[PDB]
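Below is the structure I would like to discuss, written out as structure tokens.
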Amino acid sequence: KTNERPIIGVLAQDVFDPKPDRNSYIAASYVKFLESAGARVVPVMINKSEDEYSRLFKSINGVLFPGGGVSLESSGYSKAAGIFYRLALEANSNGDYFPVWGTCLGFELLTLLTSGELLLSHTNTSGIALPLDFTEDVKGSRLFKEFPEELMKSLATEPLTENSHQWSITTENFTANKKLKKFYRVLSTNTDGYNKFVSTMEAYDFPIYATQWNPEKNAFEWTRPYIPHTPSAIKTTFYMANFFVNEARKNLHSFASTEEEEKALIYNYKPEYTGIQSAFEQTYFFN
Amino acid sequence: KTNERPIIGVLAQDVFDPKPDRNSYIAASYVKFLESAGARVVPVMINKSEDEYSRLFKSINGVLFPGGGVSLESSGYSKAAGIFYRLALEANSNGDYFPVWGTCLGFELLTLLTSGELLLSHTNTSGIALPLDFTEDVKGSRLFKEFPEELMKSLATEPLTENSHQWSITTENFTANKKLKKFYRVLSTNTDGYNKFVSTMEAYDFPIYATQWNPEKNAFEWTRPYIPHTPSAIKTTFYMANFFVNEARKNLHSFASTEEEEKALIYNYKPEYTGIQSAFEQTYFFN
Amino acid sequence: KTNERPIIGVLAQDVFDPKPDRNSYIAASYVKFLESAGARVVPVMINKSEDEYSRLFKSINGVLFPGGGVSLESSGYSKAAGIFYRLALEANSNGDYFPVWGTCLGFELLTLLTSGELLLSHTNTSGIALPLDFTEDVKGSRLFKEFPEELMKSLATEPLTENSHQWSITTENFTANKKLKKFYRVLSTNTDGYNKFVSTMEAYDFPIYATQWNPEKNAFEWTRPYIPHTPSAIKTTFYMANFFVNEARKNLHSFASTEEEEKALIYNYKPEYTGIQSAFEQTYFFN
Amino acid sequence: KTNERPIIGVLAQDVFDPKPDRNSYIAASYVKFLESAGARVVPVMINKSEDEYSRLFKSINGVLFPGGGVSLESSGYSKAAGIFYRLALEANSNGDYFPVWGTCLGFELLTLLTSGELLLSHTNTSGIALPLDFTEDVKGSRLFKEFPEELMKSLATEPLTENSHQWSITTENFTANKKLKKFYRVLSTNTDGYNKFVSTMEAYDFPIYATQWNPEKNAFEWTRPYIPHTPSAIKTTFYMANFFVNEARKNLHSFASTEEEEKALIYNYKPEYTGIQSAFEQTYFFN
Amino acid sequence: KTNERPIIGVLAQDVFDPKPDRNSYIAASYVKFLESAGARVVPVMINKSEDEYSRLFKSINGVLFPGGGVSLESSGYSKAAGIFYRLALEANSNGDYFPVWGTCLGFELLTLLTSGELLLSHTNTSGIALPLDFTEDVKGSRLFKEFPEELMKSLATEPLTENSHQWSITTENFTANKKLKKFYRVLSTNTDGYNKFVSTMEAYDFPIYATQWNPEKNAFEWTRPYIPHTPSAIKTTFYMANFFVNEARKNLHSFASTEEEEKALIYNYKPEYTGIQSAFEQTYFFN
Amino acid sequence: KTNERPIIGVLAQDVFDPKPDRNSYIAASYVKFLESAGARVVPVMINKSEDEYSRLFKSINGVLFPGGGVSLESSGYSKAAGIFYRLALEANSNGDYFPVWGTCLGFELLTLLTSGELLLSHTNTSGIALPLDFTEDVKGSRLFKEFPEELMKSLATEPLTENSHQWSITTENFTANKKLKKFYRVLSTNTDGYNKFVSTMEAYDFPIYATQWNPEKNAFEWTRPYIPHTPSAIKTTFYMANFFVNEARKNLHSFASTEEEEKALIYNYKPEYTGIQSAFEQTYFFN
């Protein structure tokens, strides 16, 4: 029994210099990423009540924590994400399957929510397209199970994954942390020549997935020259999203009504063209 | 030499009861279909001069003729499509590889442009999801070369292609037309209970591709119970777009500068939420 | 020993926006269908005591449950046809030959009455003309015993049967019911491009006949373009009714008195001209 | 090229006791006779200019002169019939195929219109059902070409044709007339035991067909014990009407608009139940 | 245990000639009436799904069906109120106390909902101020228990209740219906000079209350000469709303979150000044 | 001779950060407070000439000085209220009954307008609900004369009056001021545990009434946990306004034309939803 009308939440985040109609934002490339794999999208607002979030949590079928440049510890984004994290652990523990996806900053947030500490160190990874150095553990993984063999090989040898991050967790700090090591299976790593860091992971016992790299950009973002756009880069971004959305298809929540559904969808919002200057072609701004 | 920054024009369509700010329109699902396979999009306006189109034609890498309800003979859309078709035949003839995709109405328009005739008849195909009945000719077709085998199989046996057309060409009428029989390889057909009609085709000697059905819909439109949304339906929509955008990568046109691109991209425009009413969740309206 | 003055009942049906004098209706075409094969017709009314219906049943020589847009469980129509159905099961196994005919809705009613269950799925069959795809079982059948060979051939290949229905029982859902499989010989099947459903059937052990299609429209309704009116289409309507009426000539009931007969007959009523804005040229409305 | 929406006119007739709202009538059996073979019917009114008839003639696809008891020389019915006969003779000669059918009185009128004289004598054929004494000339005939053999065998041996006429033309009297010997071929005769009369005939060169008996009654009138009602009687009346409407399908006339077509149909009129008193179950009365 | 922040729903109703942003309305006098007695108000929209109306039902603490001139059977308003009526009966039977109030039109709706019949007749009551003719059963009675004695007397003898209704139920037709008689206790009656009608009632077993007169007009509407405005008419509108808001204090529903609560309050809407014309000083219009 | 259509003025107040459209405000709970006792309200604008105020004053039937945070000495509010206060003493002295109500800030202003001095001290009364500690002098009083005795008992023991003020006149500072002691009767007092202050007063010889607490809030403001909302709290709001509108009913002013009265009324203005931020659910802004 699957849910073939999956709806996924994407978290908004605190805007660097806030003002009316501009307190938070979501980059359109995260919306496109999900929609391409057959999901509809609900922008989740920052600084809302806990009851509001459980309302939303019980209505949607998955959440994605996107990249960005906002505090892991005291932002609207980090508060909301923590609430979604806890709701997800609990729902899943009780057999209500509910997938959570962490991209870049969202990955880092995940290390914090699960470990309870900040374990990040600096990496020369601000603007570089990389292959993935798979671990031996990818062989049984959930994330990469449905990927074509051909694409798996390309991903190992081709610069298909975009990194635009200043911070990482070294495999050493990740392995040194007991909460992380017990919880997450590491599927690939990368290095900048000195630092070896965790690049893709999935929880052992929860449908929680995270990449330090930004899978959504290969199809959808064109304004920086270290975004890969080869044919295999384009498939990589489809197949990642496809896996996440097929995880969302195992969740059976729905909105209380079609009217509540319609009022929540990203379709009520129009994005701004921000590509002349930003890394983002288009961004959604919220009050 | 390929072009990994492909930009593809999608034709706008004359609005039923046209007002200022609202003379033509593109359903957003066509924009999303292209972007998801790694192209950028430029809307092609109606009622423009032959001069303006050839200049546009010289900057983009491909064109799509979308579905719609507009006239095949006397509309702004059909006048614009004939020009792009004649420009694309000529350019391909001069070693300038330029692909054309026609969906539903676009497919019909293509029967008219290459045969010179209206050969359409009524079919019982306004709102059903269908498999494809592949012709023996698919086995070394271009369009399906890269589709996974398991996906080609699902598509032969599962209701994965959405049909919302009043009109079609029957195989019979197709085969009795010398120009069409000589110009297009037919890759699949369909039935409605009684009529047998052409559902997919590719030109033998030109990169011209056409579906009577609407592959953009599966991942992107949610307003009608006859739109398939299974996992293979989603992949179908990706591999169709993926094929077409790889075709546009063989094209070496470009805009003259990045500021010209910026002036032209679909990013300059915001769509309206049209899904409560119409069959399109979102639509771009133009002056 | 036949009855050469057969009178057949036709069921009225709950109207949508009910007034006085306008609470139930019958489409004139069902009356004409029957008259043309040599029956007189009695309108069976909607909200009556089981005793009224048993009085009426003992008087007339057959019943027809006509197509419509009314519930298969909550309507006056469903209530009445339930009763007639069970009366007829009784009379027949007592050796009192009584025939029943279900058209479209009536056909759908019959699957529910005899199975206990609602086993109907959606079909793309609202407004098409189709041949019949005869099962092998027609060769030994009763319904089609007297059709001329030439009409059987036309019916197999040409669009002679009008389909205007959203629901059908597929051949799968029919075969999996043990109750339906025991009771009814399947005479033809049809398709809609993807689903295969039961279009004509007769009871193995009872004079019970049913068509998902609407034979009465060919000769008598002119208001929709998917009504077939070729000459073989006209003959189809005649031969279908001829059969049913010849079955009613085996039934020996009569009205207790000939003025009570006169009071019951369709002649007392006047149809309205409804063809400007309905599928039906003329409709009888009842209080 | 055929016309599959045939409209046929049925001539009204002067009422015997001529109140307003009741100046002319048509027996409802003639309407049923024709609709049952797939034609719509127009009532052609009694007291009208040669101009309004020409317009009607020019819109409609055939005519029927019914039986009745009105006068052949002085009634409106006789004037109107006379004008349509001449209108139709003319149209036929220009290759505008236009069929005329005569029943009983209508038949008798046709002897008067095409010979110029009155040759009716008295026959004892008020109220008897007769078989048909077919001439050697049936073998070459249009009328019965499409009749099944077994039905031709039944009609020659079984009392399948209803006779309700005081008057006939004897065969002796038919032959001796130069104008009718040349114009009409005689398909059957009958005898009352000493007067041998023409019962069926068709024009050698024109679509004019005529019966002394009443085909329409078998299926549709129930008020007299000499109306045959056997299964073969029912079919005799369908095959007679079938033949005539197919002739009407050769005519391409049309109404000028569809609101004018819509307004001229018998569906605008409601009949009265005249069964308890008269030979006609239902009769249409006009102003 | 009571709820001291009671939120009450007021049903909107279909506008007489609908336009965008003007499909339904609520007169602000209904909102003011409830607010004055210490409740907040939720406008309940007119053409919404059934899951929507339960979501709202489970959120608010009572409903009011207001006056108006809309259909009692086919309107948006009537469909909504039917659903809210059935929800409220069910919650009360399950121990969830939930009050319903019907004014004028809404009183008329209640007789229909509980009897299943339209039992109303004309009375000369479009615009008069009236005393109330109390029945002997006011003496028990919930509705009037907290009213000051001096006010009960004023209400018995002074023109304090405004009547603006074409329709009423006579006491004779009320007593004759078995459902009404059993379910509603009649508290007051009135007469136009030839019909005695029920003017105030309350259910024996449910918190359902209804007035054929309009309590809310005395303090808040100033447009009409028959609206009473004396001190003791001002108190009447307060004591009526006060009893009804105290009934809503026995219900313990709440919105899922403050943010949903804020979204549903009447505070989000601005009413138009309509009093130069309409009978209402101000009116809220909704899309 | 009373005025049964009383219209009451309400002072707007200098906005703390004045933008255009937004120079002054009135909290909507003051408008709702008066309407509920059966008055219509005129907002009295802030920066107007003394002649304009005379014109308004001669037209209306009373004025309220509401709460606020605006200077007592140099604001528009203080100026206009000065002017209204002087007009009112004149008018009441020349036999023309004209009442004044001062709430909170308006009360504080009254202590200054009659003493000539600022006599306020700081009190710990920023957000609490208090009973009234009644003085011996209530038994005479005008204000409480129609209060149900039961309500008077609740107001003495039950936390029914919301205080939200930093300042108060101690009863010692009141007593010691000769102008205040002579001009006002003190109906109630309160303490914050240290300071004992005047909470309700009325003029001996004038219809000036004032409360240090906010009666309007109980029914109409839902933003703060120290606003009381018990049933007796709700009645307290009503009785207080009831008394003040009955005083305005003794005043026979009226506007010069209806066109002028209609242009003055608060219905011309729409409030904004300010409940999320502000302590006021709704507020009216003027330019």
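As written, the chain order gives the labels A, B, C, D, E and F, with residue 1 at the start of each chain.
One rule holds for everything that comes next: contacts are C-beta pairs under 8 Å (C-beta built on N, C-alpha and C of every residue); 3 or more make two chains touch, one makes a residue touch a chain.
Chain identities (UniProt): A, B, C, D, E, F = folate gamma-glutamyl hydrolase.
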{"item": "Labels of chains that are neighbours to subunit A and to subunit E", "value": "none"}
{"item": "Same-residue or different-residue interface between subunit B and subunit C, half as cut-off", "value": "same"}
{"item": "Repeated interface matching E-F, over half of the contact pairs identical, chosen among C-D, B-C or A-E", "value": "C-D"}
{"item": "Averaged-CA centre spacing for the pair subunit E and subunit B, given as whole angstrom", "value": "56"}
{"item": "Cα-centroid distance, subunit A relative to subunit B, in whole angstrom", "value": "32"}
{"item": "Between subunit C and subunit A, distance of the C-alpha-averaged centres to the nearest whole Å", "value": "59"}
{"item": "Distance between the centres, which are taken as Cα means, of subunit F and subunit D, whole angstrom", "value": "97"}
{"item": "Chain contact topology (line, ring, star, complete or other)", "value": "line"}
{"item": "In the complex, subunit E residues that touch subunit F", "value": "4-5, 32, 35-38, 40, 148, 218-220, 222, 229-231, 233-235, 238, 242, 245-246, 249, 262, 265, 267-268, 270-271, 273, 275-276, 281-282"}
{"item": "Of all residues in subunit C, those that touch subunit B in their complex", "value": "122, 124-125, 127-131, 159, 163, 190-194"}
{"item": "Contact set on subunit A toward subunit E in their complex", "value": "48-49, 51-52, 55, 256-260"}
